[PDB]
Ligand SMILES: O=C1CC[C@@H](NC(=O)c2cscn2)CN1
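Presented as structure tokens, the chain that follows is alone, the form solved without the named molecule.
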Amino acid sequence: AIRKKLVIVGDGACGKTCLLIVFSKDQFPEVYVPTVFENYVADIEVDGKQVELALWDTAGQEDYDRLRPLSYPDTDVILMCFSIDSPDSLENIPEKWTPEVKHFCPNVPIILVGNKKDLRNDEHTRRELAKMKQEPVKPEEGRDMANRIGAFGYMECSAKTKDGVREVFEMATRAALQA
């Protein structure tokens, strides 16, 4: 004790694995980023409370609907991810992920995480999205979604720059310590 379980979910390609890796790893992966994540128990302290936070990835299970929910039992907090360079990944949050997570993990707090925030001002991204008259997700759209799905909070981060990563897991930990 205190032992908490964290599971990360979200569409394929939204940065789930990279986020866990860059948070967990002792040295930041400057040259090679691993393809997969096994599991990990992070020691983290928020508000004077020592927590052992177990981390689990659902990457690989997005397409397998009987296998994926085997990851859910006994979860204390959910990181629910979309990608800021993908408005399509944002609309799946209320439409697919929210009902699944609330059904398998009733009353477990959810952090809404907008990943890949380094790409909001990336011109290549802006041009690709603009083909479909889309643009990067705005911070306010993220906050509004967090409210519409009842999230404990909204956090943006970039796994590439590590900006916002520590705050995502510090928030998640606070959520996990509630009752």
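Only residues modelled in both forms are compared. So that the term is clear: the rigid core is the largest set of C-alpha atoms that superpose within 1.5 Å between two forms. Throughout, we count residues from 1 along the sequence that is shown.
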Higher-scoring stretch by recorded Cα B factor average, 26 to 34 or 65 to 73: 26 to 34
task: With reference to the PDB entry, specify whether the mean Cα temperature factor is higher for 126 to 134 or for 56 to 64.
output: 126 to 134
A13, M171, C18, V9, ranked by C-alpha B-factor: the highest one: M171
Ranked C-alpha temperature factor of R148 among modelled chain residues, by third: lowest
- prompt: Lowest, middle or highest third: where is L119 by Cα B-factor in its chain?
  reply: middle
query: By the record's CA B-factor, is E95 among the lowest, middle or highest third of residues in the chain?
result: highest
- request: Report the third (lowest, middle or highest) to which the CA temperature factor of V41 belongs, ranking only the modelled residues of the same chain.
  value: middle
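Quick note: we don't show the form deposited with the named molecule bound, though the next part is all about it.
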message: Check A42 for me: does it contact the named molecule in the bound PDB entry (non-hydrogen atoms, 4.5 angstroms)?
response: yes
- request: Decide whether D26 counts as a contact residue for the named molecule in the bound PDB entry under a heavy atom distance cut-off of 4.5 Å.
  value: yes
query: If you look in the bound PDB entry, which residues in 66 to 100 sit within 4.5 Å of the named molecule (heavy atoms)?
result: none
message: Let me spell it out: fit the two forms on their rigid core, measure each listed C-alpha, and pick the one of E123, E140, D26, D43 that moves 2 Å or more between this form and the one not shown. Which is it?
response: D26
- prompt: What stretches, three or more residues long, have all their C-alphas moved by 2 Å or more between this form and the one not shown when the rigid core is held in place?
  reply: 26 to 28
